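Within every chain, numbering begins at 1; the chains are lettered A, B, ... in the order of the sequence lines, protein sequences first and strands thereafter. Any value given below was found using the heavy atoms of this structure, including those in side chains, with hydrogens, waters and symmetry copies removed.
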Amino acid sequence: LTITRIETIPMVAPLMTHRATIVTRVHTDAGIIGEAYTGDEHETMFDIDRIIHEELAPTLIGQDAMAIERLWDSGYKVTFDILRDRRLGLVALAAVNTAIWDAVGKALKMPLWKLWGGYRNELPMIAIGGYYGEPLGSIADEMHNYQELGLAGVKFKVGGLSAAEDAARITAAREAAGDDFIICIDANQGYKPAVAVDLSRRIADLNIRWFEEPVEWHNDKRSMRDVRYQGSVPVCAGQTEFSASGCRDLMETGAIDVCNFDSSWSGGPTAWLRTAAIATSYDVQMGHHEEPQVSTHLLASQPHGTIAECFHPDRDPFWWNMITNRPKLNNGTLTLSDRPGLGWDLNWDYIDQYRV
Amino acid sequence: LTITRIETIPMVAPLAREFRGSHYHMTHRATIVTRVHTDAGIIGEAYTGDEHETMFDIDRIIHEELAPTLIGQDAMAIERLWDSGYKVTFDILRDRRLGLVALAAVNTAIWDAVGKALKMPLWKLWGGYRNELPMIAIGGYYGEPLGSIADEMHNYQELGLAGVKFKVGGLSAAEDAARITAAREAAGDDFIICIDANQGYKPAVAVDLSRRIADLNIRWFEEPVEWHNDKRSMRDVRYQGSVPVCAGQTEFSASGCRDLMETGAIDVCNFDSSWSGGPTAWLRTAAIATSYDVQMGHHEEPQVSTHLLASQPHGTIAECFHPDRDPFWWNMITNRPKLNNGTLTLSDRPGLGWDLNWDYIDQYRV
Amino acid sequence: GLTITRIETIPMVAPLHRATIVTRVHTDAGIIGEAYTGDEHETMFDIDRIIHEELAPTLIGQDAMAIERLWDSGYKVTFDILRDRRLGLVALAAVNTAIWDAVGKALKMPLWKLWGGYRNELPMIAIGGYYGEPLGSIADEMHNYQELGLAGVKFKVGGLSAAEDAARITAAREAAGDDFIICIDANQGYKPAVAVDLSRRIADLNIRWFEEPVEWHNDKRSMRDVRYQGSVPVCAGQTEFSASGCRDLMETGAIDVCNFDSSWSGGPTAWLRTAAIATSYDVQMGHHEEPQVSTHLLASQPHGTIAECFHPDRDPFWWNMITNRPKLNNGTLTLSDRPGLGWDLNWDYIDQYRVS
Amino acid sequence: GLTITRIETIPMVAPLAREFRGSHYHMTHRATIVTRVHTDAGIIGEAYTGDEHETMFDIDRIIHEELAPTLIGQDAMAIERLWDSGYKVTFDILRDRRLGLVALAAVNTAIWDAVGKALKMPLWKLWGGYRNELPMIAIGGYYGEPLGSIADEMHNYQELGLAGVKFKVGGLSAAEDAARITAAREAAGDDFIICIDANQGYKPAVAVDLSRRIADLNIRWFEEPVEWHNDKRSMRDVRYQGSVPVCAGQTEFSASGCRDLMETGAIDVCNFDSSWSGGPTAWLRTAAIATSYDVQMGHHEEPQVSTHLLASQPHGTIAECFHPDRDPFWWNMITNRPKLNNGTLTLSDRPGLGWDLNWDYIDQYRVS
Amino acid sequence: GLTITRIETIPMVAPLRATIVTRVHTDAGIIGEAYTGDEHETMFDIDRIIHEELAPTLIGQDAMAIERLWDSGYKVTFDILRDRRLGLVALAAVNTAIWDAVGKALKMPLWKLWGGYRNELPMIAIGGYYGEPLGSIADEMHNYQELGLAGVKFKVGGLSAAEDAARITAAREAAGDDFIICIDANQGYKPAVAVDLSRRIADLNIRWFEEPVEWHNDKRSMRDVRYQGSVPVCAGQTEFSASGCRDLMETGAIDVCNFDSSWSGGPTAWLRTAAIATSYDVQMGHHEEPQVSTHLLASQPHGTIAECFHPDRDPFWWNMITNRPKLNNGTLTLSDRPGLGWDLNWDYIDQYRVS
Ligand code: NA
Ligand code: NA
Ligand code: NA
Ligand code: NA
Ligand code: NA
Ligand code: NA
């Protein structure tokens, strides 16, 4: 399945004020086009685009798209550049690896959730929320609103206030949503460990699903381990790692119950699936930081996959508009069709309107 | 103390009841009585473990592989004989348990012989920390084959037992939590309750259960999680849960037990001597345990565990099956100490100090 | 049982000013357990005090056969935080060793056999190669050891550069010839890079082991590094306080041989725990000097190595305190079947040098 | 540079009122050594460090025979050079490692006082300058009640302006020491820091049992909960199976030993004692290591040096003293000791450690 | 106190390399100055962080309270949306200049304020670039010996073991024995190839092997190179924090840590790493930045060797500082001038400063 061309369409939409993404398309001599959109970059989008066209495309043009390990291995060298942020190469590699996978699922007439393991084809979906400042309303309104939308739960933002104050915020969300609602919390690396342990004990009776990135970045593995063992809530991390080796270090340290490694930031499905294999050997569950357009397939494929994540429409336009055949949530869950590849129909009006 | 003969008596108990499979099942239980004869008057003897399926391969290893390293040798040079015998574990082609069981069989009979020669009961020869300890029963089988939870618990109490190792691992956390609550409610507060999942849970479910039972004073939570990543996963049950964790019975060597302790997986190590190369191996584990502040248990085999555990400053509690799972403890030893209020007390009889029921043996051998 | 009736000690001092305490445990059966242990000059009377004021009470009227029981209560004297932990440990070793002699005698078993009975003969080497050549040139010293029928030498290094000490070690090997064990001992003298340098220089001299190559504070990890980066097996353990400390050495991968000293560390009961731990790590056992106890200890174990003594002028106890010392033959000592330690103490020498 | 001309030491011994039993140890005297490091610039670095009744003279000899010759004539400003040469006193395998380390700490602390004076800087600032105010608690709750009933002792600490207590345990069962701690909380009430200290007295299961029993009394930390031989791993277990933060380090000889505690996950707080372990130079290495592990720093007693050490560091916690009947030195040695107010003291801007030593007290208790 | 009154930066681009001169003004008359980093592409992003995020935490505060200021400054690294190096470089810039002010106020050279172990250490040059931009291997080596440098840090990581071994071998032949030779793979090899190379050069007295292996598993893989191979291993420059340096040491990855203060929050962070290193018997080095590393390394008992570039490769060390110490027998001796003690060449700064 020979690659003939790599096409990219940088996009910027509004509702900061804008979210950025890149649509990547891999054309083949069969008339099959692999397509995906990846990342939410922002200030670095065109540098990423450059890496895609100048560094990766030559490794790909004329090559067999079906030999994913061969191509991934040569494309990996874009991560070696010591004189720039390693994320740039990783996001660029993720973009092409994801679009290639979509082409390959298409050539094989297999949806990716099946090609990648086929464990199941439905999972729950939660919304990232509880933003400080009540942007999407009060805590209770936000929670009710997600329930209206038919989401299974929320990953609720903490990390900014005292343990006492954030516990009250979480108690409010649990109150509002009632018991039949998944509540995860996410500190975005905000707490000193003692404060995170304090918080974790205060919410021990609110059935919190996991506590994501509880502690400051520098000692995060060992300090989140201590949060996991002194506290009372399962711990989730991985999104901040660059590689499967980094996620392996989390697991080896005993830092985590759930790995939320982000394939869009970290070299794509090929990378993420290595992390998932590693997680099985540690009895660690897989999650995935946002990117529902690829995470739903990745997570469903796996026996140890958990929950997909998205934003409220007003905060992410891309999942809610750019995909014309997104399945309807039913009582919290999303079921994936048997459409080959990622199986998505992109709204090309929206793309034309917002490409830069 | 020269070894002259190695005699083994393969044995198969009557068709007893089997506690597995969702249904009524029956199976014969099997053991091997091993007797090490010596130039003095002394005969060391022990019996080791239910095997039934593999009993004759083990018997063959004993005679074709071990005996040649023993006959003519000095039984009192235990390390020399164990080291020479250890080679039976090397065979990559067969289950390693075959070799380790054969080695334990002989190593234990040899210890019984050495103690007789020195006129020492083994609990004293092995260290002599004390001569009495609690004994609990294994029970709480799914399907209530030994009665309701309550009646089963009351029964063990009336038998003079200190407590129970109660089977879990087969239901949800909530469901198994309720079974353990019923056991504590029935037995009251002065009864040891351990629980045993037989590697049945995924770690989050074990943790859920462990927390649910935090106020029932559960003594320990034995093999809570699946086998493949058991050391790290049970460490997490230990740290995220509320109950001490116990394991070691599934390990093949003291190296394996060392691995569990270094991972931080366990509070109690229940390494089984009879299926891991015998008391010489178990005593090495016990030593390693002291360096980690880990306590020693012993999966069943009361006939040897009573002495092993009692000898050690960090020994905990001896275990025994129901007669149907183990007719050997109950019928084949005619001078078992009588349980007094949870406790078993050991005599000063040299060796393991046991009088075997030769009528029982003559009727079930071959 | 075997009831202990009284504890007698006989503090001693002999010039070379080496110190030792003879301990005698008297029993019902008229059996007396006796041993000498240690060379702690300055602290002897502190140790002596601990035995009579702290240990003896836990012992008089107890069954000496119940070794684990008595060791467990005796161990509490190591809990005193206001004094060198070694004081309690050496006092406990004194009593524990004597008791074991009592038990061996009571059961008519030599300790080498009662402790496992692996073999009854082992090589013995002399600790020497002192700087300043007090015992003569390196060549003279090596030949003298061979005249005494010793299997080899533990040769002092740790005080010069790698190039100078490698040359000294080269001299030892050339004088002695290949059929002679040469261990080397830095007494925690080198920086790790210097020890690695030395180890590589002597890789062809068949050096049996490299004992305590590096400075004390980080010795486990640094000697691990000498072990892996260098070319000679590494030995340590004598500076640990407990079988826990030896386990830490083994778990770090610091050592091929553990030379934990029973007389400094709670006695045979403690050393045998260390021995057991070593089997689980495929580590061999050695024993820093104290041949009057180490011979039985090492000989009883399948993984035992070599016993050690000093030149007669450096330390006189081994050569004068024991009237029935076996004859060295081809470098090896063979132990009799006499029960307990089986030693006839030289009461001329004891009566002459005892003190209050 | 600041050339060292002379090293002078003054050993002291003072009697204590009664005996003070912890768990498996007790005390009748308080000994210390005052070290003075003279310089060609007229500045005298001074400190007193340690309590070492039995071995005081052994330590004094090390100072003079082993250390002084590496210091006389050298530049007191070159701390790392001096410390690197003095460190050899720790190498002798034939003697207690602590002898050398206490000797080294003695001169290192006095040399730091001289350097602070030369630079016109208080050490709490020279060493990092994070803050100049911190809480002080008293080490107390001794068994036998030699300072009075539990309640009386707590109230008295509150009347001295102290922030809380480090309360001795480790000697009884979990249920019994739990009762004693419960009594301290009830007496002091909630606005009072209660640490507990088993001095390595419990088996891990007993420490965990106690930890869990006191989960609701807001206990700040649990110091050396377990027996010494396997302490790092066993206190890790107390830390994760129990309910209160764990603290240790005082029993380690070096920063390498503290690093081992932290790597094992043994501790939330490291209470490494500078005056037993080579002085502020060694301690500040440990503090640096602690930052990389998100471990906080404490300091076993020695308030005359630990106030500056702890206050300098972002992750410094609580300074420690004893009741005056238990230790007269903090309370008599220093004429300008800052006042305890509402649990805290505030250090001045006086250069060095900033202390005026009470020569009238010193002369009454010096020995030879 | 030494109250900070103004944070001034001067971004520069010189032909060509890039840097920022940071100047911390105080209410005394003292101006702390340093230049730090080469960051061409993001220089202005950093400059912005300095003024918009850091300056407000510093104006009117006591420069003498270094732990306090560093603590509140450290938050510029929390930003999850940008490269963590942006904040860490900004933090290093102000922290280095703050230290120079502090040294000046206390009248102490920093090599002495930071410990004073010694005031003299060897300097090597980073070189042996592929494509021979500075001449053949033999001519480059001789050049460095003419300049009076102690040795070279010689680039590898790009070829096969046999081929890079030949190059390294030419360097030792050309230079002779009395010349320090470190090699640097810049994370280039798979472990087996680094091991092969290390064994091949076992006889060439190679001082250390910097960043031998690919990035993703570098800690464990470089430990294996260290133990299977024959040459000491050095790494640290690619770590973001003393925690990451601690991780290298705990894994047994390194003999030498070359943490770069300029990239990692300044001397305060590097000196924490330095303390951690004592506890592991790890030695300290420092990736280039000799204008700060000479003082950092000289102050520590376990400090090793300072690094610069050939003049044609780096104009800053060679031009920015008018009282640069002369190499003498491979070594640089630092003066007693307070702070970093450097006189900056303002003609050069005026020439190449940019906006
Ligand atoms: Na997150
Ligand atoms: Na916990
Ligand atoms: Na079991
Ligand atoms: Na030695
Ligand atoms: Na304490
Ligand atoms: Na480099």
Side-chain angles (χ1 to χ4, degrees), chain A residues 6-14 17 20-26 33-39 41 43-53 85 87-88 90-92 94-96 98-99 102 125-137 142 145-146 148-151 154-155 157 186 188 239 262-266 268 288-297 308-329 334 341-356, chain E residues 79-83:
Chain A
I6 299 308
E7 173 193 5
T8 64
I9 304 165
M11 296 177 58
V12 190
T17 205
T21 191
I22 298 180
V23 180
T24 301
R25 318 182 84 229
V26 179
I33 311 175
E35 86 187 351
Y37 66 89
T38 289
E41 307 95 4
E43 328 305 328
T44 47
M45 192 166 45
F46 294 110
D47 299 304
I48 287 165
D49 204 78
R50 183 170 316 110
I51 290 163
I52 293 188
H53 288 297
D85 184 354
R87 282 305 184 191
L88 295 181
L90 290 164
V91 166
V96 312
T98 301
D102 183 63
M125 181 151 315
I126 66 180
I128 296 160
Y131 285 112
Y132 290 111
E134 302 194 324
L136 299 171
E142 197 180 350
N145 183 200
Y146 293 147
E148 268 150 44
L149 293 175
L151 271 329
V154 67
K155 181 210 286 194
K157 294 279 171 179
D186 182 354
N188 288 123
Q239 66 172 74
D262 190 333
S263 73
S264 289
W265 291 354
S266 313
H288 193 296
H289 173 245
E290 68 183 75
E291 309 288 306
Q293 74 279 3
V294 65
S295 76
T296 53
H297 289 266
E309 302 167 13
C310 67
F311 295 98
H312 184 272
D314 298 12
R315 155 74 182 76
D316 183 48
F318 291 116
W319 168 253
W320 292 99
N321 298 306
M322 247 199 39
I323 289 186
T324 56
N325 63 340
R326 157 177 39 83
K328 195 191 184 63
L329 297 169
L334 188 153
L342 284 321
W344 305 130
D345 296 326
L346 268 38
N347 179 20
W348 279 87
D349 302 292
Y350 190 87
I351 290 158
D352 264 330
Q353 180 176 44
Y354 286 147
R355 55 181 173 88
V356 288
Chain E
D79 197 323
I80 182 51
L81 303 176
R82 65 195 183 200
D83 187 355

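The shortest heavy-atom contact between A/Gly343 and A/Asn325 is O-ND2, 3.0 Å. A/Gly129 approaches A/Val154 most closely through the heavy-atom pair N-CG2, 4.1 Å. When every heavy atom of A/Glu291 is checked against every heavy atom of A/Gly39, the shortest pair comes out as OE1-N, 3.2 Å.
The CG atom of A/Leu88 sits 4.5 Å away from atom CD1 of A/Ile51, with the distance rounded to the nearest 0.5 Å. In this structure, the separation between CD on A/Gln239 and CD on A/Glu290 is 8.0 Å, given to the nearest 0.5 Å. Remark: A/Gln293 CD to A/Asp102 CG distance equals 11.5 Å, nearest 0.5 Å. In this structure, A/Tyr350 OH and A/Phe318 CZ are separated by 5.5 Å, a value rounded to the nearest 0.5 Å. Expressed to the nearest 0.5 Å, how far CD of A/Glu41 lies from CZ of A/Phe46 amounts to 10.0 Å. Between A/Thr324 atom OG1 and A/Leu346 atom CG the span is 7.5 Å, to the nearest 0.5 Å.
Checking side-chain atoms of A/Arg87 against main-chain N and O of E/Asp83 turns up no donor-acceptor pair under 3.5 Å. Put simply, the side chain of A/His288 gets close to the backbone of A/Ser263: a donor and an acceptor are under 3.5 Å apart. A donor-acceptor pair is defined here as one N or O able to donate and one able to accept, closer than 3.5 Å; such a pair exists between the side chain of A/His297 and the backbone of A/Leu342.
Residues A/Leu149 and A/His312 form a side-chain contact, since some pair of their non-hydrogen atoms from C-beta on lies under 4.5 Å apart. Side-chain atoms of A/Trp265 and A/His289, non-hydrogen and from C-beta on, do get closer than 4.5 Å to each other. When side chains are defined from C-beta on, A/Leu329 counts as touching A/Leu334, because their heavy atoms get closer than 4.5 Å. Under the 4.5 Å side-chain criterion, counting only non-hydrogen atoms from C-beta, A/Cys310 is in contact with A/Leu151. Contact of the A/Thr24 side chain with the A/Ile52 side chain is registered, since non-hydrogen atoms from C-beta on lie closer than 4.5 Å.
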Check against side-chain contact (heavy atoms from CB on, under 4.5 Å), A/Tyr354 and A/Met322: CA-CA 10 Å; A/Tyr354 286 147; A/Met322 247 199 39; over 6 Å; no
side-chain contact (heavy atoms from CB on, under 4.5 Å) between A/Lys157 and A/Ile128, intermediate numbers included: CA-CA 8 Å; A/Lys157 294 279 171 179; A/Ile128 296 160; 3.7 Å; yes
side-chain contact (heavy atoms from CB on, under 4.5 Å) assessment of A/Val26 paired with A/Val96: CA-CA 8 Å; A/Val26 179; A/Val96 312; 5.5 Å; no
side-chain contact (heavy atoms from CB on, under 4.5 Å) between A/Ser295 and A/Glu309, intermediate numbers included: CA-CA 8 Å; A/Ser295 76; A/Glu309 302 167 13; over 6 Å; no
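Taking the six-membered ring where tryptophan is involved, the planes of A/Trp344 and A/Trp319 are perpendicular, since the angle between them exceeds 60° and thus also 30°.
Here the rule is side chain to side chain contact (heavy atoms under 4.5 Å, CB included) with A/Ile22, and of A/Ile9, A/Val91, A/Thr38, A/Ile48 only A/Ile48 fits it.
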